[PDB]
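Report on the structure given below.
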Amino acid sequence: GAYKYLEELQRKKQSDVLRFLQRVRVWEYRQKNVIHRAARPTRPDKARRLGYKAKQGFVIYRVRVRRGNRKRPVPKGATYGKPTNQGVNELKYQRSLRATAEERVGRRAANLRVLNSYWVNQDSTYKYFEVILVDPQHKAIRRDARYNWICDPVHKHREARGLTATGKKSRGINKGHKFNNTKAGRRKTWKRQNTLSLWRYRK
Amino acid sequence: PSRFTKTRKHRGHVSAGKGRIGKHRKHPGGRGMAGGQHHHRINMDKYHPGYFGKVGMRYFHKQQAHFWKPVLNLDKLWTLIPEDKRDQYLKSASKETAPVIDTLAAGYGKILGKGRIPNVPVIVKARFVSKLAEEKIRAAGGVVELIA
Amino acid sequence: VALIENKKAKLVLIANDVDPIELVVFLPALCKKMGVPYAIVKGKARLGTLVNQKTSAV
Amino acid sequence: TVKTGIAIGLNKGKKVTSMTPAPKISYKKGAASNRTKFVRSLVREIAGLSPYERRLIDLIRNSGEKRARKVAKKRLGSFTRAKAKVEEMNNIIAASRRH
Amino acid sequence: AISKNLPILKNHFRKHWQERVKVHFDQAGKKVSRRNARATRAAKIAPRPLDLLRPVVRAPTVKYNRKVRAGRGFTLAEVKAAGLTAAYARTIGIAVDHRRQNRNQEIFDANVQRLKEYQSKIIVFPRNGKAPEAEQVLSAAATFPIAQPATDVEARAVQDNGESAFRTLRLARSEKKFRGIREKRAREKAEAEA
RNA sequence: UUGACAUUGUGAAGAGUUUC
RNA sequence: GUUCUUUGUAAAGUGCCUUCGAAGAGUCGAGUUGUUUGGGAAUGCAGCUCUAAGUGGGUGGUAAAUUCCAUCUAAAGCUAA
RNA sequence: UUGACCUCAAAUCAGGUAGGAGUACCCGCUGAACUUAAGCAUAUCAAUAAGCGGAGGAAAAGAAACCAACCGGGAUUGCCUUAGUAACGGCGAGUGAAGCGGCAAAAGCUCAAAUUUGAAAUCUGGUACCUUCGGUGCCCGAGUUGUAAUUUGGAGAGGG
């Protein structure tokens with residue numbers, strides 16, 4: 001297919017043609033509302049390899065975020081404590097902005113289940129993404145096997161809990177020695193290993 | 001149990017056995033290991049020397065079992081034999097036939113030279129021995145097999 | 001596209017009005033490489049009608 | 001590889017009937033199948049180049065190569081990718097010099 | 001506080017631990033649960049014996065390079081060596097791995113022997129309904145035990161080559177020490193002329 | 001508040017190959 | 001355990017020769033900032049800046065350069081006890 | 001003039017769905033101080049309590065961009081032990097894991113990237129009928145800016 005040529009073109013984000021396209025598209029999306037249904041994706045290849053299939057039930061919404069550090073919501077720097085919790089400006093929010101965006105559209109429209117999201121465009125001021133949704137009420141979904149796992153009540157709001165790509169990434173899930181803390185659940189680990197376990201015949 | 005404990009025997013003796021003057025207050029002299037340079041220096045020194053300091057080299061991600069080298073001496077060396085067969089080989093004392101001894105399967109990783117063993121020639125399968133151990137075996141007429 | 005890479009193509013037609021345009025932009029160069037006769041055209045809607053479809057893009 | 005049967009040394013380990021397994025193709029993730037080389041070499045010429053590439057090749061017909069390595073090191077954060085990109089730029093500028 | 005000569009402690013109880021304390025009074029109840037689970041699973045099982053075959057393994061690092069262990073899976077290599085395929089095997093009470101590439105011929109041989117034994121040793125019902133209709137076992141932990149090898153004989157004759165194994169050790173150590181030096185040094189005189 | 005980086009395009013004129 | 005159709009000219013698996021054999025990018029990686037960690041010239045996470053490759057890439061718990069080795073194959077995903 | 005297309009709208013349109021509650025346990029986010037240090041600001045209490053979002057009957061995680069360096073093992077989770085250890089730290093108070101090994105329980109796998117090209121073979125809906133958690137026909141519609149069949153790297157496809 002041609003999706004491969006499309007990928008390989010995408011992965012050169014500094015060519016003049018992409019510079020142009022980027023400028024047009026970012027201006028367009030910036031004129032648009034912060035959240036808007038898109039008729040169809042801007043990177044169909046990307047959506048397709050993250051599981052989009054052009055059919056009755058799948059949806060794209062495009063999204064903006066506001067792109068900076070997360071200034072502490074504290075009146076005038078009045079944090080009321082020790083110097084270490086005295087910072088406000090240079091603080092970073094642990095969830096990604098992609099995660100935020102996904103969360104915000106999932107809140108906008110709650111009948112649907114998220115699947116994934118992806119970068120499209122940005123500037124200094126904003127970041128733009130395109131986000132993938134499903135109506136699990138849809139008969140097409142429920143009758144196709146291959147996705148209907150998402151119809152399950154378990155996968156409700158899987159962006160809200162940290163179960164997408166970005167979710168599982170920021171939540172520290174990956175194998176190995178650099179993830180010993182927070183691989184199978186941070187709080188789970190800490191709880192496990194701050195618990196005192198005591199048997200009947202004491203060991 | 002409780003009933004053996006002195007607090008049943010203190011009942012009535014005001015100031016259960018902690019005194020009236022120097023009374024049993026909360027945490028004097030601080031908590032835990034507070035004062036090891038200031039007002040508990042004399043217990044730190046005298047009964048806990050060396051506590052304060054850095055020394056030596058670090059080793060990040062020390063995995064023991066790199067250094068698994070459990071240890072054995074000629075002094076024992078023989079309990080490895082099942083006792084029923086032990087005296088038989090011991091009475092034999094032949095170079096044409098000596099018992100094979102796998103320390104590693106027994107759970108040992110190095111052999112040392114304590115003790116005096118008989119003059120029996122004996123066969124060993126052992127990694128990591130000491131010069132003196134190998135020597136006494138050779139004087140007994142035995143040999144050694146280095147292994148992996 | 002596979003037909004082109006296989007040089008099965010005798011002629012190619014490419015409507016100009018696409019979005020995402022990246023679906024299409026490289027195709028002229030490809031047809032140049034494979035020596036294929038190609039052309040840019042107008043009315044992918046007309047192409048759809050040529051397919052018994054709404055829209056064709058090629 | 002060829003073990004010695006010794007608990008220590010250079011080739012320490014059990015002397016053993018070392019077989020060989022079948023190869024997993026997962027080792028071959030770095031493949032370069034014809035399709036893909038075609039796609040990449042094409043997309044290059046459609047995309048042209050990026051300004052840091054441009055500056056680097058100007059640097060290569062200036063300033064020697066070592067300076068261009070330092071520059072690409074600044075841009076990518078390595079020396080390996082730097083060396084490779086440099087070799088690539090030499091390959092390209094060779095085409096520009098001699099078609 | 002500090003007091004008389006005593007070994008120093010590190011007791012990690014400064015951290016609201018009382019809220020998070022697990023006791024095992026259900027040490028017995030869960031044993032009951034597990035026995036009941038196994039029995040009930042078996043009861044519904046259609047006598048497939050409650051555990052799938054698992055292979056013989058060379059037991060990783062040095063502390064346990066000696067032992068022999070039950071692993072996960074049998075290496076498709078050894079499978080088709082036995083003369084079948086992974087998928088059919090999984091339908092059979094067998095467990096298969098794609099990792100653990102076979103590199104040791106005797107283990108290859110041992111596992112294929114296990115598999116052939118098991119193949120000869122079991123009895124499969126037809127794809128249709130009627131059969132000899134039962135008799136259950138729940139092992140395959142045990143009926144194919146996993147023993148160590150023999151690894152030697154009881155006793156042997158002496159073959160004294162007169163050498164100093166100790167000195168061999170020191171020499172191997174020094175070689176491992178000085179490979180790089182002598183390599184670089186030979187390289188130096190070699191490139192010296194010219 | 002000040003400097004750099006980005007948003008940030010197309011070019012010209014002039015000052016110490018550059019870069020003000 | 002019975003009892004009917006008959007899928008079917010359709011599905012699977014199996015051998016040896018041959019051509020091959022697609023493999024996820026504003027991501028990886030790096031710098032910096034902040035935080036967190038047992039993680040120590042920087043464990044993870046996030047912001048900003050830079051931004052890749054395909055005999056390549058990640059890691060191999062001391063930073064950098066050089067040469068070897070070894071192990072996996074990310075940046076999409078489901079899964080009971 | 002007529003007819004399409006793309007985009008965006010409206011409708012008490014046909015049918016659907018989300019809200020809130022609860023919240024012992026669970027996934028996240030945000031996030032202190034008293035306290036301890038015999039003072040105290042780092043550090044600790046604490047990656048806790050409080051605050052916010054979102055689930056289930058279990059969750060989550062999970063089939064390796066792994067552990068390792070052995071003769072190598074082989075998804076995940078939990079117990080024992082590793083270990084109060086390596087390491088961290090005004091190297092002060094203090095904090096502090098992971099591999100290996102034993103046990104429990106066990107299960108594997110799907111998408112993308114490929115020309116159906118001698119034939120969209122895919123799917124929602126409506127409507128008549130029926131053996132109705134559904135099915136046949138018909139129609140409308142979506143869809144090639146790609147639904148179906150194949151393959152998922154342990155491989156695998158093409159041909160012979």
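Naming works like this for the structure tokens: A, B, ... for the chains as they're shown, residue 1 at the start of each chain, ligands 1 onward in shown order.
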
Worksheet item: Near residue 42 (chain D), within 10 Å and counting only C-alpha atoms (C1' of nucleotides), which residues show up once chain neighbours fewer than 3 positions away are dropped, as a list in words?
Response: residues 5, 8 and 9 of chain A; 26, 29, 30 and 33 of chain C; 36, 37, 38, 39, 45, 46, 47 and 48 of chain D

Written selection (N, CA and C atoms) as a PDB file, in the first residue's frame:
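Output contents, as saved in again00.pdb:
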```pdb
ATOM      1  N   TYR A   5       4.693   4.912   2.007  1.00  0.00           N
ATOM      2  CA  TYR A   5       5.221   6.168   1.504  1.00  0.00           C
ATOM      3  C   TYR A   5       4.747   7.310   2.379  1.00  0.00           C
ATOM      4  N   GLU A   8       6.756   7.426   5.600  1.00  0.00           N
ATOM      5  CA  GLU A   8       8.126   7.834   5.422  1.00  0.00           C
ATOM      6  C   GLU A   8       8.208   9.299   5.078  1.00  0.00           C
ATOM      7  N   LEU A   9       7.149   9.849   4.501  1.00  0.00           N
ATOM      8  CA  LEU A   9       7.101  11.281   4.282  1.00  0.00           C
ATOM      9  C   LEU A   9       6.852  12.005   5.585  1.00  0.00           C
TER      10      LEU A   9
ATOM     11  N   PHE C  26       3.000  12.271  -3.908  1.00  0.00           N
ATOM     12  CA  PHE C  26       4.200  11.649  -4.450  1.00  0.00           C
ATOM     13  C   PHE C  26       3.965  10.947  -5.771  1.00  0.00           C
ATOM     14  N   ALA C  29       5.825  11.567  -9.099  1.00  0.00           N
ATOM     15  CA  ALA C  29       7.216  11.154  -9.112  1.00  0.00           C
ATOM     16  C   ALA C  29       7.335   9.661  -9.325  1.00  0.00           C
ATOM     17  N   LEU C  30       6.440   8.906  -8.709  1.00  0.00           N
ATOM     18  CA  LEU C  30       6.432   7.465  -8.870  1.00  0.00           C
ATOM     19  C   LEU C  30       6.203   7.081 -10.322  1.00  0.00           C
ATOM     20  N   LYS C  33       9.195   7.656 -12.265  1.00  0.00           N
ATOM     21  CA  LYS C  33      10.187   6.620 -12.033  1.00  0.00           C
ATOM     22  C   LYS C  33       9.883   5.380 -12.842  1.00  0.00           C
TER      23      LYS C  33
ATOM     24  N   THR D  36      11.201  -1.072   0.749  1.00  0.00           N
ATOM     25  CA  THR D  36      11.414  -0.010   1.707  1.00  0.00           C
ATOM     26  C   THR D  36      12.542   0.901   1.265  1.00  0.00           C
ATOM     27  N   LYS D  37      13.607   0.323   0.719  1.00  0.00           N
ATOM     28  CA  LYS D  37      14.690   1.140   0.198  1.00  0.00           C
ATOM     29  C   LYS D  37      14.179   2.044  -0.896  1.00  0.00           C
ATOM     30  N   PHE D  38      13.301   1.507  -1.735  1.00  0.00           N
ATOM     31  CA  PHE D  38      12.684   2.299  -2.779  1.00  0.00           C
ATOM     32  C   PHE D  38      11.907   3.456  -2.186  1.00  0.00           C
ATOM     33  N   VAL D  39      11.044   3.152  -1.219  1.00  0.00           N
ATOM     34  CA  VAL D  39      10.190   4.172  -0.625  1.00  0.00           C
ATOM     35  C   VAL D  39      11.036   5.267   0.010  1.00  0.00           C
ATOM     36  N   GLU D  45      13.969  12.469  -2.065  1.00  0.00           N
ATOM     37  CA  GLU D  45      14.008  13.458  -3.128  1.00  0.00           C
ATOM     38  C   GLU D  45      12.722  14.242  -3.213  1.00  0.00           C
ATOM     39  N   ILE D  46      11.613  13.674  -2.756  1.00  0.00           N
ATOM     40  CA  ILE D  46      10.389  14.467  -2.687  1.00  0.00           C
ATOM     41  C   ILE D  46      10.505  15.506  -1.584  1.00  0.00           C
ATOM     42  N   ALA D  47      11.109  15.128  -0.466  1.00  0.00           N
ATOM     43  CA  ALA D  47      11.134  16.001   0.691  1.00  0.00           C
ATOM     44  C   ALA D  47      12.246  17.016   0.611  1.00  0.00           C
ATOM     45  N   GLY D  48      13.213  16.787  -0.250  1.00  0.00           N
ATOM     46  CA  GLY D  48      14.422  17.538  -0.159  1.00  0.00           C
ATOM     47  C   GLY D  48      15.062  17.262   1.180  1.00  0.00           C
TER      48      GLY D  48
END
```

Contacts of chain A with chain F up to 8 Å, shortest pair per row, only C-alpha atoms (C1' of nucleotides), as JSON lines:
```
{"residue": "A:123", "atom": "CA", "partner": "F:7", "partner_atom": "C1'", "distance": 5.8}
{"residue": "A:124", "atom": "CA", "partner": "F:7", "partner_atom": "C1'", "distance": 5.1}
{"residue": "A:125", "atom": "CA", "partner": "F:7", "partner_atom": "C1'", "distance": 7.3}
```

I want to know what sits within 9 Å of region 35-42 of chain C, based on only C-alpha atoms (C1' of nucleotides), with residues of the same chain fewer than 6 positions away left out; could you give that as an mmCIF file with N, CA, C and O atoms, in the first residue's frame?
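Resulting contents of around-v2.cif:
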```
data_model
loop_
_atom_site.group_PDB
_atom_site.id
_atom_site.type_symbol
_atom_site.label_atom_id
_atom_site.label_comp_id
_atom_site.auth_asym_id
_atom_site.auth_seq_id
_atom_site.Cartn_x
_atom_site.Cartn_y
_atom_site.Cartn_z
ATOM 1 N N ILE C 4 1.136 0.056 -10.302
ATOM 2 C CA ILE C 4 2.165 0.952 -10.804
ATOM 3 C C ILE C 4 3.528 0.379 -10.530
ATOM 4 O O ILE C 4 4.381 0.321 -11.421
ATOM 5 N N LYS C 7 4.282 -1.981 -12.816
ATOM 6 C CA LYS C 7 4.211 -1.448 -14.172
ATOM 7 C C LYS C 7 3.057 -2.043 -14.959
ATOM 8 O O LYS C 7 3.059 -2.029 -16.193
ATOM 9 N N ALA C 9 0.365 -0.558 -15.089
ATOM 10 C CA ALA C 9 -0.348 0.640 -15.490
ATOM 11 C C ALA C 9 -0.079 0.976 -16.944
ATOM 12 O O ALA C 9 1.080 1.062 -17.362
ATOM 13 N N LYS C 10 -1.152 1.170 -17.708
ATOM 14 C CA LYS C 10 -1.043 1.869 -18.977
ATOM 15 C C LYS C 10 -1.285 3.355 -18.800
ATOM 16 O O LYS C 10 -0.557 4.166 -19.379
ATOM 17 N N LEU C 11 -2.287 3.734 -18.004
ATOM 18 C CA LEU C 11 -2.527 5.148 -17.744
ATOM 19 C C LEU C 11 -3.027 5.375 -16.330
ATOM 20 O O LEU C 11 -3.741 4.542 -15.768
ATOM 21 N N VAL C 12 -2.667 6.544 -15.792
ATOM 22 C CA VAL C 12 -2.993 6.946 -14.427
ATOM 23 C C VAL C 12 -3.653 8.317 -14.421
ATOM 24 O O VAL C 12 -3.234 9.218 -15.153
ATOM 25 N N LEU C 13 -4.622 8.499 -13.526
ATOM 26 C CA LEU C 13 -5.324 9.758 -13.346
ATOM 27 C C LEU C 13 -5.475 10.042 -11.867
ATOM 28 O O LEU C 13 -5.895 9.169 -11.100
ATOM 29 N N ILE C 14 -5.200 11.288 -11.504
ATOM 30 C CA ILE C 14 -5.042 11.714 -10.125
ATOM 31 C C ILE C 14 -5.800 13.015 -9.927
ATOM 32 O O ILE C 14 -5.418 14.044 -10.486
ATOM 33 N N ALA C 15 -6.853 12.994 -9.122
ATOM 34 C CA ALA C 15 -7.578 14.233 -8.895
ATOM 35 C C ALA C 15 -6.784 15.143 -7.974
ATOM 36 O O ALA C 15 -6.068 14.697 -7.077
ATOM 37 N N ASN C 16 -6.917 16.443 -8.216
ATOM 38 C CA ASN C 16 -6.065 17.403 -7.526
ATOM 39 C C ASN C 16 -6.586 17.733 -6.134
ATOM 40 O O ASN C 16 -5.802 17.972 -5.211
ATOM 41 N N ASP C 17 -7.899 17.753 -5.966
ATOM 42 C CA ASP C 17 -8.521 18.275 -4.755
ATOM 43 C C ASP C 17 -8.611 17.258 -3.624
ATOM 44 O O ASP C 17 -9.719 16.842 -3.274
ATOM 45 N N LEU C 27 2.714 10.641 -6.081
ATOM 46 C CA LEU C 27 2.390 9.760 -7.195
ATOM 47 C C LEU C 27 2.990 10.201 -8.519
ATOM 48 O O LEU C 27 3.493 9.335 -9.256
ATOM 49 N N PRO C 28 2.948 11.481 -8.898
ATOM 50 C CA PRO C 28 3.657 11.916 -10.111
ATOM 51 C C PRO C 28 5.091 11.449 -10.196
ATOM 52 O O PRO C 28 5.538 10.969 -11.246
#
```

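The list of chain H residues within 6 Å of chain A is residues 17, 18, 27, 28, 54, 61, 66 and 112 of chain H; this uses only C-alpha atoms (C1' of nucleotides).
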
Which residues of chain B come within 12 Å of chain D, and for each one, what is the closest pair of atoms and their distance in Å to one decimal, counting only C-alpha atoms, sorted by chain and residue number, as a tab-separated table?
```
residue	atom	partner	partner_atom	distance
B:69	CA	D:7	CA	11.2
B:104	CA	D:7	CA	11.1
B:109	CA	D:7	CA	9.7
B:110	CA	D:7	CA	10.6
B:125	CA	D:6	CA	11.3
B:126	CA	D:7	CA	9.2
B:127	CA	D:7	CA	5.9
B:128	CA	D:7	CA	7.3
B:129	CA	D:7	CA	10.8
B:145	CA	D:6	CA	9.6
B:146	CA	D:6	CA	6.1
B:147	CA	D:6	CA	5.1
B:148	CA	D:7	CA	4.4
```

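Of the residues in region 43-160 of chain E, those that DSSP places in strand (DSSP E) on the basis of the backbone are residues 56, 57, 69, 70, 155 and 156 of chain E.
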
Only C-alpha atoms, please: the residues just picked out, written as a PDB file, in the first residue's frame.
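Result file is out_25.pdb:
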```pdb
ATOM      1  CA  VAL E  56      13.767 -30.222  32.044  1.00  0.00           C
ATOM      2  CA  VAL E  57      16.064 -27.260  32.402  1.00  0.00           C
ATOM      3  CA  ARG E  69      14.618 -27.574  37.115  1.00  0.00           C
ATOM      4  CA  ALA E  70      11.161 -27.732  35.673  1.00  0.00           C
ATOM      5  CA  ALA E 155      34.538 -44.382  42.004  1.00  0.00           C
ATOM      6  CA  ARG E 156      37.355 -44.381  39.487  1.00  0.00           C
TER       7      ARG E 156
END
```

Discussion item. When you look at region 137-140 of chain E with a cut-off of 9 Å (counting only C-alpha atoms (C1' of nucleotides)), what residues show up, excluding the ones that are within fewer than 4 positions of it in the same chain? I need them as JSON, numbers by chain.
Written reply: {"E": [42, 47, 48, 49, 50, 51, 52, 53, 54, 93, 144, 145]}

Identify, on the basis of only C-alpha atoms (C1' of nucleotides), every residue whose closest approach to residue 82 (chain E) does not exceed 10 Å; exclude the query and any residue fewer than 6 positions from it along the same chain; express the result as a PDB file with N, CA and C atoms, in the first residue's frame.
```
ATOM      1  N   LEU E  76       9.726 -26.034  20.356  1.00  0.00           N
ATOM      2  CA  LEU E  76       9.279 -26.434  19.025  1.00  0.00           C
ATOM      3  C   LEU E  76      10.281 -27.276  18.241  1.00  0.00           C
ATOM      4  N   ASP E 109      17.945 -34.056  23.823  1.00  0.00           N
ATOM      5  CA  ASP E 109      17.664 -35.483  23.826  1.00  0.00           C
ATOM      6  C   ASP E 109      16.712 -35.843  24.951  1.00  0.00           C
ATOM      7  N   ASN E 111      14.529 -33.984  26.631  1.00  0.00           N
ATOM      8  CA  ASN E 111      13.168 -33.521  26.466  1.00  0.00           C
ATOM      9  C   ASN E 111      12.453 -34.305  25.387  1.00  0.00           C
ATOM     10  N   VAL E 112      13.150 -34.654  24.310  1.00  0.00           N
ATOM     11  CA  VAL E 112      12.483 -35.422  23.267  1.00  0.00           C
ATOM     12  C   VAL E 112      12.129 -36.799  23.800  1.00  0.00           C
ATOM     13  N   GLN E 113      12.979 -37.328  24.672  1.00  0.00           N
ATOM     14  CA  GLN E 113      12.684 -38.595  25.311  1.00  0.00           C
ATOM     15  C   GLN E 113      11.447 -38.489  26.175  1.00  0.00           C
ATOM     16  N   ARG E 114      11.359 -37.425  26.970  1.00  0.00           N
ATOM     17  CA  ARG E 114      10.167 -37.176  27.767  1.00  0.00           C
ATOM     18  C   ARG E 114       8.937 -37.172  26.893  1.00  0.00           C
ATOM     19  N   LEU E 115       9.025 -36.469  25.777  1.00  0.00           N
ATOM     20  CA  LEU E 115       7.861 -36.269  24.938  1.00  0.00           C
ATOM     21  C   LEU E 115       7.434 -37.571  24.289  1.00  0.00           C
ATOM     22  N   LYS E 116       8.398 -38.364  23.843  1.00  0.00           N
ATOM     23  CA  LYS E 116       8.077 -39.643  23.233  1.00  0.00           C
ATOM     24  C   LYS E 116       7.480 -40.584  24.259  1.00  0.00           C
ATOM     25  N   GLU E 117       8.066 -40.593  25.450  1.00  0.00           N
ATOM     26  CA  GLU E 117       7.536 -41.373  26.553  1.00  0.00           C
ATOM     27  C   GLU E 117       6.087 -41.016  26.807  1.00  0.00           C
ATOM     28  N   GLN E 119       3.935 -39.417  24.886  1.00  0.00           N
ATOM     29  CA  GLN E 119       3.106 -39.755  23.743  1.00  0.00           C
ATOM     30  C   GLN E 119       2.731 -41.225  23.758  1.00  0.00           C
TER      31      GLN E 119
END
```

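Near residue 61 (chain G), within 8 Å and counting only C-alpha atoms (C1' of nucleotides), sit residues 60 and 61 of chain B; 39 of chain G, not including residues fewer than 2 positions from it in the same chain.
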
Worksheet item: Hey, what's within 10 Å of region 29-35 of chain G if we count only C-alpha atoms (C1' of nucleotides) and toss same-chain stuff fewer than 3 positions away? As a ChimeraX atom specification, please?
Response: /A:69,87,89-94 /D:73-78,81 /G:45-52,57-58 /H:47

Practice prompt. Do me a favour and pick out the residues of chain B within 7 Å of chain E, using only C-alpha atoms, as a list in words.
Written response: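 Residues passing the distance filter: residues 29, 30, 31, 32, 33, 34, 40, 47, 65, 68, 95, 96, 97, 98, 99, 100, 105, 123, 129, 130, 131, 143 and 146 of chain B.
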
If you take only C-alpha atoms and a cut-off of 10 Å, which residues of chain A touch chain E, and what are their nearest atom pairs and distances in Å to one decimal, in chain and number order, as JSON lines?
```
{"residue": "A:191", "atom": "CA", "partner": "E:20", "partner_atom": "CA", "distance": 7.8}
{"residue": "A:192", "atom": "CA", "partner": "E:20", "partner_atom": "CA", "distance": 9.2}
{"residue": "A:194", "atom": "CA", "partner": "E:17", "partner_atom": "CA", "distance": 7.3}
{"residue": "A:195", "atom": "CA", "partner": "E:20", "partner_atom": "CA", "distance": 5.4}
{"residue": "A:196", "atom": "CA", "partner": "E:21", "partner_atom": "CA", "distance": 5.0}
{"residue": "A:197", "atom": "CA", "partner": "E:22", "partner_atom": "CA", "distance": 4.8}
{"residue": "A:198", "atom": "CA", "partner": "E:23", "partner_atom": "CA", "distance": 4.8}
{"residue": "A:199", "atom": "CA", "partner": "E:24", "partner_atom": "CA", "distance": 5.1}
{"residue": "A:200", "atom": "CA", "partner": "E:24", "partner_atom": "CA", "distance": 6.5}
{"residue": "A:201", "atom": "CA", "partner": "E:24", "partner_atom": "CA", "distance": 9.8}
```
